[PDB]
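> Build the 3D model from these lines:
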Amino acid sequence: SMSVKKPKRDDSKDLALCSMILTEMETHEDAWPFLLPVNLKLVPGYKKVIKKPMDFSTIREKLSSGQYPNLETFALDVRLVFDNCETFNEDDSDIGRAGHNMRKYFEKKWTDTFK
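Residues are numbered from 1 along each chain as shown. Next comes the structure:
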(Lines give C-alpha, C1' and ligand atoms only; values in the text may rest on other atoms or scores of the structure.)
Protein backbone atom coordinates (compact mmCIF):
# COMPACT_ATOMS: atom_id res chain seq x y z
CA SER A 1 0.00 0.00 0.00
CA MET A 2 1.27 3.63 0.33
CA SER A 3 4.95 3.67 1.42
CA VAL A 4 4.77 -0.19 1.93
CA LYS A 5 6.47 -2.27 -0.71
CA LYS A 6 7.69 -5.82 -1.17
CA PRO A 7 11.41 -6.06 -1.98
CA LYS A 8 12.18 -4.92 -5.63
CA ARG A 9 12.54 -7.92 -8.06
CA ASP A 10 15.22 -7.12 -10.71
CA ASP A 11 13.25 -6.73 -13.99
CA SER A 12 16.17 -5.10 -15.96
CA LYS A 13 16.87 -8.24 -18.06
CA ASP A 14 13.21 -9.20 -18.72
CA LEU A 15 13.19 -7.55 -22.22
CA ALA A 16 16.28 -9.38 -23.32
CA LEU A 17 15.16 -12.65 -21.84
CA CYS A 18 11.61 -12.49 -23.49
CA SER A 19 13.48 -11.81 -26.85
CA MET A 20 15.49 -14.97 -26.33
CA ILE A 21 12.44 -17.08 -25.60
CA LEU A 22 10.67 -15.64 -28.67
CA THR A 23 13.79 -16.48 -30.83
CA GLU A 24 13.62 -20.06 -29.60
CA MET A 25 9.87 -20.25 -30.43
CA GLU A 26 10.55 -18.70 -33.94
CA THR A 27 13.18 -21.34 -34.75
CA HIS A 28 11.22 -24.39 -33.55
CA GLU A 29 10.35 -26.75 -36.43
CA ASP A 30 6.62 -26.62 -35.51
CA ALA A 31 6.46 -22.79 -35.46
CA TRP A 32 5.28 -22.55 -39.15
CA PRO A 33 1.52 -22.09 -38.39
CA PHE A 34 2.38 -19.16 -36.06
CA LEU A 35 5.16 -17.15 -37.85
CA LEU A 36 2.91 -14.73 -39.68
CA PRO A 37 -0.60 -13.36 -39.23
CA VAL A 38 -3.39 -15.63 -40.55
CA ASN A 39 -4.53 -14.14 -43.95
CA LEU A 40 -8.04 -12.83 -43.12
CA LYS A 41 -8.88 -12.47 -46.84
CA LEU A 42 -8.01 -16.11 -47.62
CA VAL A 43 -9.19 -18.10 -44.58
CA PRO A 44 -12.95 -18.18 -44.33
CA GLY A 45 -14.33 -17.79 -40.82
CA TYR A 46 -11.14 -16.50 -39.19
CA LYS A 47 -11.96 -12.83 -39.06
CA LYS A 48 -15.41 -13.37 -37.49
CA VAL A 49 -14.50 -16.09 -35.07
CA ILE A 50 -11.04 -15.04 -33.74
CA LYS A 51 -11.65 -11.73 -32.08
CA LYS A 52 -7.97 -11.04 -31.28
CA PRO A 53 -5.56 -12.55 -33.88
CA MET A 54 -1.93 -12.92 -32.70
CA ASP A 55 1.23 -14.46 -34.25
CA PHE A 56 5.01 -14.52 -33.56
CA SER A 57 5.89 -11.72 -36.03
CA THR A 58 3.33 -9.34 -34.36
CA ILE A 59 4.71 -10.25 -30.88
CA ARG A 60 8.25 -9.55 -32.22
CA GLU A 61 7.23 -6.13 -33.52
CA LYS A 62 5.39 -5.26 -30.24
CA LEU A 63 8.41 -6.40 -28.19
CA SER A 64 10.90 -4.44 -30.31
CA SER A 65 8.87 -1.20 -30.07
CA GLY A 66 8.17 -1.11 -26.29
CA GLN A 67 4.58 -2.10 -26.47
CA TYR A 68 4.84 -4.71 -23.63
CA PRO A 69 4.64 -2.94 -20.23
CA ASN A 70 5.84 -6.01 -18.37
CA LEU A 71 6.77 -9.73 -18.87
CA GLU A 72 3.12 -10.82 -18.04
CA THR A 73 1.62 -8.91 -20.96
CA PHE A 74 4.21 -10.68 -23.17
CA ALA A 75 3.11 -14.13 -21.89
CA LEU A 76 -0.57 -13.24 -22.42
CA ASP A 77 0.05 -12.62 -26.17
CA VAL A 78 2.13 -15.84 -26.56
CA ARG A 79 -0.74 -17.81 -24.88
CA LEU A 80 -3.27 -16.00 -27.12
CA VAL A 81 -1.54 -17.48 -30.19
CA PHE A 82 -2.17 -21.01 -28.78
CA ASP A 83 -5.65 -20.31 -27.54
CA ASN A 84 -6.59 -19.01 -30.99
CA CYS A 85 -5.06 -22.11 -32.56
CA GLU A 86 -7.20 -24.40 -30.32
CA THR A 87 -10.32 -22.35 -31.06
CA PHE A 88 -9.98 -22.86 -34.86
CA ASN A 89 -8.15 -26.18 -35.40
CA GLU A 90 -9.09 -29.73 -34.45
CA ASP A 91 -6.68 -31.41 -31.93
CA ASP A 92 -6.15 -34.23 -34.49
CA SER A 93 -4.63 -32.03 -37.26
CA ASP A 94 -1.06 -31.03 -38.07
CA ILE A 95 -1.78 -27.41 -36.93
CA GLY A 96 -3.73 -28.52 -33.82
CA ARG A 97 -0.76 -30.74 -32.73
CA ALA A 98 1.74 -27.97 -33.56
CA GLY A 99 -0.11 -25.63 -31.17
CA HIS A 100 -0.08 -28.10 -28.28
CA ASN A 101 3.61 -28.79 -28.84
CA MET A 102 4.56 -25.09 -28.97
CA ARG A 103 2.50 -24.20 -25.88
CA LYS A 104 4.41 -26.92 -23.94
CA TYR A 105 7.74 -25.73 -25.27
CA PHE A 106 6.86 -22.16 -24.23
CA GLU A 107 5.55 -22.91 -20.73
CA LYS A 108 8.75 -24.81 -19.84
CA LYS A 109 11.05 -22.05 -21.01
CA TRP A 110 8.82 -19.57 -19.16
CA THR A 111 9.03 -21.48 -15.81
CA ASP A 112 12.77 -22.14 -16.18
CA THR A 113 13.68 -18.55 -17.04
CA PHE A 114 11.43 -16.74 -14.51
CA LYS A 115 9.99 -19.14 -11.76
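> so which strand or helix has the most centrally placed residue in the chain?
In the chain, the centroid-proximal residue (Cα atoms, centre = their mean) is residue 78; its distance is 1.2 Å. Assigned by DSSP states H and E, residue 78 belongs to helix 71-88.
> same for the next helix or strand after that helix, what does it pack against?
The element immediately downstream of helix 71-88 (helix or strand, assigned by DSSP H and E) is helix 94-114. Judged by 3 or more Cβ pairs under 8 Å, 6 or more residues apart in numbering; DSSP states H and E, helix 94-114 is in contact with helix 14-27, helix 71-88. Where you see a C-beta, it was placed from the backbone N, CA and C, and this is true even at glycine.
> tell me which residues in the helix or strand residue 61 falls within are buried?
Using DSSP H and E, residue 61 maps to helix 56-64. For helix 56-64, the neighbour count (16 or more other Cβ atoms under 10 Å) marks 56, 59, 60, 63 as buried.
> And stretch 88-98, by the same measure?
Buried residues in stretch 88-98, counting neighbours by 16+ other Cβ under 10 Å, are found at 88, 89, 96, 98.
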